[PDB]
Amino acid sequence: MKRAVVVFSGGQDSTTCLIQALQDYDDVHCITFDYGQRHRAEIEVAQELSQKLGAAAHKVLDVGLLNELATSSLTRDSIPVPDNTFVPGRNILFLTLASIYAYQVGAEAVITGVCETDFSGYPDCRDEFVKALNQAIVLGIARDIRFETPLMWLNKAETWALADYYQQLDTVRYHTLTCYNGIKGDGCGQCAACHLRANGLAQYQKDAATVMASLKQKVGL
């Protein structure tokens, strides 16, 4: 049983990792980290998506303790902070919980859609970080689980190409949720996340062969 765990939220990136994973592994589980997120029903849609794509299971794990670690919460719980909703290292948490889950279901790999190519560069999403953490977790859980980051070096246009490579661009396009305002697919067209995704799609459509060439060159294939 060659089996993987996909850190999954039902958006373009994580559904593109799931689609690729379903070709490369015999068995794929999805895990979703719910901290306020979406809502029961959106998470439930993402579960129908994974179910309908072929995931063997989809665990939804409440990580609302993250929100307890925001400065506003801490000050509210009478904790002194030095004089935001920002919480550091959330992906350290996610990768740790996915590994514990992977251990328990016999998965050899945790797959995550993090990358270094966005405007904002989160240090818990850097290639160097993920490798460093992988090495620590392997020691702490006493098992060799790999961390895979198929989207590490990809821009959005290339991510669209990858979906297309597995012949599923339209699945991603119609049936995922990227929009901050809850609109599936192409979304409201008016939020940050809609812009990023739509720019990507439009570069890919204009210059497909070039972007596909770029994609193949970076990832193997």
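When you see a residue number, it is the position in the sequence shown, counting from 1.
Relative to one another, 32-40 and 58-66 have unequal mean CA B-factors, and 32-40 is the one with the higher figure. Among the modelled residues of the chain, residue 186 sits in the lowest third by CA temperature factor in this PDB entry.
Sorting the modelled residues of the chain by their CA temperature factor places residue 195 in the middle third. In the deposited entry, the Cα temperature factor of residue 119 places it in the highest third of its chain's modelled residues.
Ranked against the other modelled residues of its chain, the C-alpha B-factor of residue 22 as given in the entry falls in the middle third.
In this PDB entry, the Cα temperature factor of residue 145 sits in the top third of its chain's modelled residues, the highest group.
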